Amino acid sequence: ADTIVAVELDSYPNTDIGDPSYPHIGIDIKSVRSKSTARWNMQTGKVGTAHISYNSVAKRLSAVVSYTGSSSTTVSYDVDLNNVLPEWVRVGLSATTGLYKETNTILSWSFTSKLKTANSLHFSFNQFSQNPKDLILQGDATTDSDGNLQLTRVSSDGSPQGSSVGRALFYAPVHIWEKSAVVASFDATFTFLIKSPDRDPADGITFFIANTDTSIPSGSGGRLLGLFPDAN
């Protein structure tokens, strides 16, 4: 299977697969069952910002998801990523809807990786082109006429659809560790807009890092956020 490290913004509590009973953010290391989570007071219809960081000395993957003036939710997990992930990876955003639904709209995304002693990679998109040639769009993901990356299916009127999954990967593999590296670090930020007509919107957005040839796993819809073939 793929190897996945992700920060999930999990709008829908699947308590039967170990979610806490409230929307949350989480760090997922090779499992949808987050190694650490924090309650997330999700604000439907407001633009959120997630900042994710790691470096290989501190070995603490952290994320903060905020909405202006209202909340900032943080979660951290200690982990040596460079023992979990392959040396080369692709980085991406995923999102799903399931029985319930929400827009999983990405308005901007930036990422920086540095490998020091050697390499760096930085990209940032404050809008997305109609044909984002440097994105690998998987499943339902497309960019819309406003320049937004719609991870999951939305109709022409902007309404979200259920049973959707989409991911966008940055086109270049990222060399996130090498044997002779002194320290490897990455930072990612994206802003997102989750709107939903559903009382319990679902399912959420992740920023994820995986093997380069990552693809949406069969069976990864809904609660598995397009990342995992099962809930193990």
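Throughout, we count residues from 1 along the sequence that is shown.
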Deposited residues missing from the model between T117 and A118 number 4 to 9
Which is higher in the entry, the mean Cα B factor of 51-59 or that of 173-181? 173-181
Of the two stretches 108-116 and 147-155, which shows the higher Cα B-factor on average in the entry? 147-155
Out of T189, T206, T44, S34, whose C-alpha atom has the biggest B factor in the entry? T44
Could you say which of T103, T96, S124, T142 has its CA atom at the highest B factor, as listed in the PDB entry? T142
For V91, the third of its chain by CA B-factor is the lowest
On the chain's distribution of Cα B-factors, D16 falls within the third called highest
Of the three thirds of its chain by CA temperature factor, lowest, middle or highest, which one includes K195? middle
